[PDB]
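Visitor:
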Amino acid sequence: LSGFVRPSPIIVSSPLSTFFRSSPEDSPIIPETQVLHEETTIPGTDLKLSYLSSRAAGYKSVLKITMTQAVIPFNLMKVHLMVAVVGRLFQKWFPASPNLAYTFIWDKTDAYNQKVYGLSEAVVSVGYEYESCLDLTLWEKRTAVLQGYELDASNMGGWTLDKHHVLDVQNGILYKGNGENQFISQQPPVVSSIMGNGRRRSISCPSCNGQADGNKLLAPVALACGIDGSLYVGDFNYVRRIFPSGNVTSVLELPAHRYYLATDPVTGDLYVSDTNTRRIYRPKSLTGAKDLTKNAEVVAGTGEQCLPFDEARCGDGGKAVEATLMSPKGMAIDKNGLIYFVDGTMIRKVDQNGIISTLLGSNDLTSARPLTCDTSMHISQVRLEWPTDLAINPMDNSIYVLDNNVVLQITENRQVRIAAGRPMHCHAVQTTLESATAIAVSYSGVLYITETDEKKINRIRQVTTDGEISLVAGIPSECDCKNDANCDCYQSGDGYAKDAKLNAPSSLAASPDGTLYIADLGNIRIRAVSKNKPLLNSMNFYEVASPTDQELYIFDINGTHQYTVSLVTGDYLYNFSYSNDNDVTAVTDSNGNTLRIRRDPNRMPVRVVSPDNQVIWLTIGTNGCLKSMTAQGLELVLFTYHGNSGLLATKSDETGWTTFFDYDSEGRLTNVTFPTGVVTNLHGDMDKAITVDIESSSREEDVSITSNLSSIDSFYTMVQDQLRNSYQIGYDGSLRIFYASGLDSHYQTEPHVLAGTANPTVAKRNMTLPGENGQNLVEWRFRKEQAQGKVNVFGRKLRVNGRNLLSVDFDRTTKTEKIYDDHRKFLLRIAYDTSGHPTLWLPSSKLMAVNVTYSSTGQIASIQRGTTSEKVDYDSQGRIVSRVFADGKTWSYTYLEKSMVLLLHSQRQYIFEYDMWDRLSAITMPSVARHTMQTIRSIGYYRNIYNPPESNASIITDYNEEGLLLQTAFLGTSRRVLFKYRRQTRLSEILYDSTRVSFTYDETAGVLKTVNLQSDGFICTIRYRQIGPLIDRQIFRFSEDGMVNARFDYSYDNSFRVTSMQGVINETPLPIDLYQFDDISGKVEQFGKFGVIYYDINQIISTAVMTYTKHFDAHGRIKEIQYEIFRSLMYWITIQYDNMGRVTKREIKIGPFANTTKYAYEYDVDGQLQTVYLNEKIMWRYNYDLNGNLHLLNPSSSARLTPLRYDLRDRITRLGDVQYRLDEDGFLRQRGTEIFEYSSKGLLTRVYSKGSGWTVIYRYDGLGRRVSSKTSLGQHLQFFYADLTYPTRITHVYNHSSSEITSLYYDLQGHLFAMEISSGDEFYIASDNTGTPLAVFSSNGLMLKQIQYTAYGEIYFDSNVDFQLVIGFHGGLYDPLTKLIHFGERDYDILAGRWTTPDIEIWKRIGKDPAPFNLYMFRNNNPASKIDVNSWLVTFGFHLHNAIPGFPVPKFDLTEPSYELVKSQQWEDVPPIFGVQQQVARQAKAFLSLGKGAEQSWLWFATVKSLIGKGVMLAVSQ
Ligand SMILES: *[C@@H]1O[C@H](CO)[C@@H](O)[C@H](O)[C@H]1NC(C)=O
Ligand SMILES: *[C@@H]1O[C@H](CO)[C@@H](O)[C@H](O)[C@H]1NC(C)=O
Ligand SMILES: *[C@@H]1O[C@H](CO)[C@@H](O)[C@H](O)[C@H]1NC(C)=O
Ligand SMILES: *[C@@H]1O[C@H](CO)[C@@H](O)[C@H](O)[C@H]1NC(C)=O
Ligand SMILES: *[C@@H]1O[C@H](CO)[C@@H](O)[C@H](O)[C@H]1NC(C)=O
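Per the deposited numbering: the sequence shown = residues 965 to 1218, 1229 to 1400, 1412 to 2412, 2421 to 2485, 2497 to 2522.
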């Protein structure tokens, strides 16, 4: 019976529900499983709720069973498909057909109408039928996991509370409440040593029958499974029955020593393959007879050795007892009861009677054939080579025989197929195997091949039912265990099976609960690679942790949630009381925030009691599910469904954002309709990979998403028509990424030291640029100090590329902390509150002790850095009421009915309206200037409508549903900026009335290719070049006459540190830069030509002659900028601070031997510079109007009282004699004879003068930056920005009139200190705290220029007006002709004393924390001071932007970048679109985390009851 090939099933399962939004305020759609994830919020507490449609009843798991790729053989016509589930048994007959398929839609339901829960393994039985032998039918059975019903956490009508948790201790699933379903059983398995240690024991065996957990062993060479869980151990002379208890007895007394064992499933008897005595045994008393030798019933062989090779018999045909045998080997026994023993070199059969027969023998020299590498062959025409082991699959009644590293399976069709392994004659069938010394197979069909050459390979690679290999046990070791016998081959006891280091595994055995038993003779133990189980402590809890929130959870006996523990400090956070049916009813935070909740007699929540004593009422549906959350007055959120499916059909807010949802019968979200009109279309389909196709109906960005779900990883795929993103996700969480840019990061997993093996932790990040030196390696080292049951000192160290950076050694002795470095430079002791909050910061080396206590309602109470401090109070709602300071100042947050009135100490009222979510609705000044505000829902986009008082000139920012900006518009002059988006869901095309800035993205990589402004004959194109995502060459090409071209070249060294900069500007190359850094600490050793030495806070940016030191204060800020050239005193200022930190006394001794100059800053109670002293006289005053309007002042050099006047909108009208003109839409239109042209970006473009007759034009790029300034008088400049760490910090200035280039050098903070001209000149600048140039020196130390600045930094004293400087007051670009400081985005006026461009995003920054503000206020009217988070690494110098990538650089600058400029250095970390990007966002945020009302997607202002009402859909499909 041969020539009949085995069938080919094509089966797929459904993917699992482990993909949800990280910060759930952004994305509702995860098209992995098309599961809707929706957040909602309870008032008073940041605790949330969650929706997850995997909990829905209609979420039916799909098991797509297709049968053929139309290659049906000619003699096959019928298909008998059968499906075996938990008690549901489906059958359906088919006549055969090309590409005939079937979809089984499982109800997650037993046939006895039972809600199954947790994991389930349904068995698929694909059966075919031949035309040749109609009696013989095919059977190829597999398994397939299926998700059951998820366990009800809180019985919220299907909804899920956020920080609630429930543990499925039966199936091994942690159902989190945020949306995660941590599958404990799907993790990599746990090694647990269960018998003795590596020491030996002699032959006589004292203490031979008691308990065996530290019992010494002789040589365990064989193991065996059991239906009683009995582990029959072959300890070289003794068979020992390990009971399912502590006690372990002994049974029998006895290469050829290594006998093998067996176990009947249907009976409890024990079988011995004694090779030495040529017999098969069976004991009588397993508990123990008198003698251990005579407890052995012989089965076959009789000791006498049979014939070697003869085909007649060894005693065959007759009785099995009377026959003789030659060299028996390992064996098994059928579920029927047929024992099959290896003897000699062939398989020999014994039935229920004593009869030795043979199914497959050997010595068949008619078929001494090569190994049939493709198909099956005849039952008696197979040669065999060293079987030596046997195990049977009870699912298929298989026979797995280890034929020379190749397991050749034998099924009931009397055929021989390769199941695993490939010999020398020619997936697991693809690979070759070495030193296969034992086999086993579980009850799911998975094979287990141990491989031990005893030289760096002591491992077990499994083979599943498909024929694919996977390393599941045995780490590849480095130390040899043969030669180095004194090598600790035992490592990581109770670690991971991927991590555990074995030493010659001998035998395997598969218990029915999956606990695979490893016999290890090197370290003489019995390890058990079992399923992952949550631990049980001494108090019988479940200490399950997850450092995605840095938390430890503990559970009760049944596994429900009791406390929540912060994982590092071990201090308790939550208290969860229950009802009598163990359902959650109250929380209690460490500050007593008691979100209590009562239930129906049917255990259904109705009211919700908030910690700010607010009741929140709920309802129920006809399907027993929640419909609507209600608070006082307003119905907050409305939800309706699709009948009794439990699927969310409609989501309504309190506004009218009524989204609809559509589904199939299988529970797949195919259409999400947003009330702007933008819908999405999802083509769900199943193939070789599970494919979904999202179709945004406002774009052309159809994303194809396939899913290669393997038994190794879950290798997903994101495709946008050329760009392929694909992520490796391990079962532990080994998170490896294939971008299209060549960047291949790899996250690794480790067990937590406090938690155990039920917890994967990211500790090491591996990251791969496409290139040579693109190998970052940042690593943690977790370590505790254990003392008497509890953790005392938990330490951790961040390490990049080998060496220590930060020694975070937390202590629990007095709840202190010690963040430090090994070189004794850094020190920061942080004492903690008893409720788990950092209270007192104690740094050292002339620093200040910041102790910060906290409110009893939870929030902050008072910060105090020594003398500088402030105290606040609070209502019952946590609202701050008064804000007193340390200078006697005090603020009054005097609330009203849902509106706030800030009162200063000088009677200025800020009337703020609010929404229920506390957005900005209307803002009233101390005058009657009412800023009424809207947020509406239009066709395709939101509109944030701001309205100035008595104005139709509205500024309106338009947004998508993701929250990307679309359209800003100034409705005064009807100017507007359009954004067009291309395939990589990013900004492509700017458009404002003449100008087009076409971005484009690369096809293979996906980086920003071009930045190409086209406005006029002026062509402004910018092209890039990278190593992966990090730039190497940027190209500046122009096309007009005078303007020049530039191009820069970078270099990296074994990190993401920009090492050497070299560019060429107008065909003139520059000498290279040397940014010599310090990766021992994160410092900066040298840069350019300048050397930086630290003295414990201090800086000395010195050269061999030019020294620039700074002596910081006791408060962490700048205090004394001393500055000597040729080691002689040339410049030193000192600044002493008040109890507010503001600058008070400024003794600027500028000049070598000349007269000193000093100041004094008399502020007011409003906290602003009102009057300024010179050295011995008052010389300035500054009055202010009701709205912070500077309306009387002293000028630069004159002593007049120049009046100023203002209108409703705080638009400036007059400075003394000259009249200003700030127009209808906020742009500065006329200053005297000068009339401006602002652009639609809010950017100054052209300045022309009618009277004085001189024009200034500012050509800008597409990034909103300043490129070139051309005056009509002859000064013609052009800028170039060689920095990418600070992409607005300018570096090189081209001068058309002199054909010379000025290179720049800034300090560590950002202050200017040096200028080198590329025509061969050098300057040594010295700057103040504000960052502005005061003294200009040559290389000879001569004062070439001295400027005395006023309170707003316009010149009233100069030593030379010829040598001008572009960079002026507070580091911005100063122009002496147009009298305007150009910062990064806006333009400050030295004459007006305020801004010119009104901010739009100031309302986002003032809606959170209110303050004395204005639409044009400069530095909160504090024009000489710079700055609490109370501790920073940059203060003691650890500038870890260079060491650790993905970390935000401290932005100690005022020049803000543009919106399109932020998007440019954003390489591929977009706001996320798909759910696998939502998992890499957690493991990049929680890894980078070094320390210990809410909002929406840029919905700034208060909501409007718009035209699309609450309960109606508006849809636009392209
Ligand atoms: C919870 O555990 C208790 C004992 O620990 C047990 O009696 C009870 O049946 C379990 N289940 C529920 C739902 O209370
Ligand atoms: C989903 O949307 C597409 C296109 O609008 C439509 O053809 C399809 O019928 C919709 N499906 C459901 C279930 O509403
Ligand atoms: C990091 O990954 C690269 C390639 O992805 C590999 O060559 C290197 O050995 C890895 N290093 C570590 C420490 O994992
Ligand atoms: C802050 O520290 C000082 C001494 O360092 C102590 O007297 C004072 O009580 C502390 N205050 C708070 C609120 O911790
Ligand atoms: C540009 O060159 C002219 C030529 O005299 C000079 O006066 C001016 O100061 C230069 N400007 C800069 C910024 O170097």
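Backbone N, C-alpha and C fix where the C-beta goes; we use that ideal spot for every residue, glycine too.
Label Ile-2086 either buried or exposed according to how many other C-beta atoms from any shown protein chain fall within 10 Å of its C-beta, with 16 as the threshold for buried.
Guide: So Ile-2086 ends up on the buried side.
Visitor: Might you give, ordered along the chain, the residues of its own chain that have their beta carbon closer than 8 Å to the beta carbon of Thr-1875, omitting 5 neighbours on each side?
Guide: Same-chain partners within the cutoff: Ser-1867, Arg-1868, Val-1869, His-1890.
Visitor: If you measure from each residue's Cβ to the nearest non-hydrogen atom of ligand 2, which ones come out under 7 Å, in chain order?
Guide: Result: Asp-1647, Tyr-1648, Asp-1649, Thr-1655, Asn-1656, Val-1664, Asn-1666, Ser-2521.
Visitor: In chain order, what residues of the same chain have a beta carbon less than 8 Å from the beta carbon of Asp-2384, not counting five sequence neighbours either side?
Guide: Once the five neighbours on either side are set aside, the close Cβ partners of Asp-2384 are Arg-2371, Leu-2400.
Visitor: Within 10 angstroms of the Cβ of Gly-1662, are there 16 or more other Cβ atoms? Answer buried if so, exposed if not.
Guide: Result: buried.
Visitor: Which class does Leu-2055 belong to by DSSP, given the choice of helix, strand or coil?
Guide: Correct three-state label for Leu-2055: coil.
Visitor: Look at the alpha carbon of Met-1703 and the alpha carbon of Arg-1653, and state the distance between them as a whole number of angstroms.
Guide: Each residue's alpha carbon lies about 19 Å from the other.
Visitor: How is the beta strand (DSSP E) around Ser-1336 delimited, first residue to last?
Guide: Looking at the DSSP string, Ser-1336 is not in any beta strand (DSSP E), and its letter there is neither H nor E.
Visitor: The beta strand (DSSP E) with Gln-2458 in it runs from where to where?
Guide: Run containing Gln-2458: none in the beta strand (DSSP E); it sits in the alpha helix (DSSP H), 2452–2458.
Visitor: Is the number of C-beta pairs between the segment 1412–1427 and the segment 1478–1485 that are closer than 8 Å three or more?
Guide: No: fewer than three Cβ pairs fall under 8 Å.
Visitor: Cα-Cα, which of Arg-1797, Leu-1791, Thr-1798, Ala-1816 is closest to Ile-1804?
Guide: Nearest option by C-alpha distance: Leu-1791.
Visitor: Provide the residue span of the beta strand (DSSP E) that contains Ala-1394, from first to last.
Guide: Run containing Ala-1394: 1390–1394, per the beta strand (DSSP E) assignment.
Visitor: Taking 6 Å as the limit between beta carbons, can you name the residues of its chain near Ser-1096, skipping five residues before and five after?
Guide: Excluding positions up to five away in sequence, the list reads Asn-1039.
Visitor: Using 8 Å as the threshold, is the C-beta distance between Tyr-1113 and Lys-1072 below it?
Guide: Cβ atoms of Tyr-1113 and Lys-1072: closer than 8 Å.
Visitor: Looking only at its chain, what residues have a beta carbon closer than 6 Å to the beta carbon of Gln-1760, apart from the 5 residues adjacent to it on each side?
Guide: For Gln-1760, where only same-chain residues beyond five positions count, there are no Cβ hits under 6 Å.
Visitor: Taking a cut-off of 7 Å, which residues have a beta-carbon closer than that to any heavy atom of ligand 4, in chain order?
Guide: Going along the chain, the residues that qualify are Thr-1824, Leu-1825, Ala-1834, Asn-1836, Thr-1838, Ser-1847, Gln-1849.
Visitor: Out of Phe-968, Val-1087, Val-1785, which one is the CA nearest neighbour of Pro-1037?
Guide: Among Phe-968, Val-1087, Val-1785, the Cα nearest to that of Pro-1037 belongs to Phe-968.
Visitor: Return the chain-ordered list of same chain residues with a C-beta closer than 7 Å to the C-beta of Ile-2275, the five sequence neighbours on each side being excluded.
Guide: Counting only Cβ-Cβ distances below 7 Å, and skipping sequence neighbours, we find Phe-2264, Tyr-2266, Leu-2289.
Visitor: Tell me which residues share the same chain as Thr-2317 and place their Cβ nearer than 7 Å to its Cβ, disregarding the 5 neighbours each side in the sequence.
Guide: Around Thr-2317: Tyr-2334, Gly-2338, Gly-2353, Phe-2354, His-2355, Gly-2356.
Visitor: Roughly how far, in whole angstroms, is the beta-carbon of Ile-1940 from the beta-carbon of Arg-1928, given that I think they are within contact range, below 8 Å?
Guide: No, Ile-1940 and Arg-1928 are not in contact; Cβ-Cβ is about 11 Å, not under 8 Å.
Visitor: Quick one: grab the DSSP three-state call for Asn-1269.
Guide: DSSP places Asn-1269 in coil when its eight states are reduced to three.
Visitor: Under 7 Å: does the beta carbon of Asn-1937 sit that close to some heavy atom of ligand 3?
Guide: No - ligand 3 has no heavy atom lying nearer than 7 Å to the Cβ of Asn-1937.
Visitor: Whose C-alpha, out of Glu-1296, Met-1305, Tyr-1314, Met-1320, is nearest the C-alpha of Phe-1283?
Guide: Taking only the C-alpha atoms, the option nearest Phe-1283 is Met-1320.
Visitor: Would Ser-2234 and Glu-2222 qualify as a contact pair, given that the criterion is a beta-carbon distance under 8 Å?
Guide: No, these two residues do not count as a Cβ contact at 8 Å.
Visitor: Please state if the CB of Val-976 and the CB of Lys-1028 are separated by a distance shorter than 8 Å.
Guide: Against a cut-off of 8 Å, the Cβ pair of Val-976 and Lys-1028 comes out as a contact.
Visitor: Is the beta carbon of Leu-1619 less than 8 Å from the beta carbon of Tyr-1626?
Guide: Contact flag unset, no.
Visitor: Suppose contacts are defined by Cβ-Cβ distances below 8 Å. Is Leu-1382 in contact with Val-1316 by that definition?
Guide: No. Outside cutoff.
Visitor: Using the three-state DSSP reduction, which class does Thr-1437 fall into: helix, strand or coil?
Guide: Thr-1437 falls in the strand class under three-state DSSP.
Visitor: Could you tell me if the beta carbon of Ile-1908 falls within a distance shorter than 7 Å of some heavy atom in ligand 1?
Guide: Outside the cutoff, so no.
Visitor: Our contact map puts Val-1130 next to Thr-1676 with C-beta atoms below 8 Å; I'd like the distance itself, whole angstroms only.
Guide: Actually they are not in contact, since the Cβ atoms of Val-1130 and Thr-1676 sit about 33 Å apart, beyond 8 Å.
Visitor: Could you tell me if the beta carbon of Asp-1729 falls within a distance shorter than 7 Å of some heavy atom in ligand 3?
Guide: Correct: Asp-1729 has its Cβ closer than 7 Å to ligand 3.
Visitor: Assuming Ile-2016 and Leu-2269 make a contact with CB atoms under 8 Å, what is their CB distance in whole Å?
Guide: That belief holds up - the Cβ atoms of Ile-2016 and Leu-2269 are roughly 6 Å apart, short of 8 Å.
Visitor: Alpha carbon to alpha carbon, what distance is there between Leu-1754 and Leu-2426?
Guide: Between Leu-2426 and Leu-1754, the C-alpha separation is close to 28 Å.
Visitor: Counting beta carbon pairs with one atom in the segment 2089–2106 and one in the segment 2119–2126, are three or more of them shorter than 8 Å?
Guide: Yes: at least three Cβ pairs fall under 8 Å.
Visitor: Which complete alpha helix (DSSP H) runs does the segment 2369–2404 hold, if anything under 4 residues is left out?
Guide: You should have 2387–2393.
Visitor: So, at 6 Å on beta carbons, what are the nonlocal neighbours of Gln-1771 in its own chain, with the 5 sequence-adjacent residues on each side left out?
Guide: Excluding positions up to five away in sequence, the list is empty.
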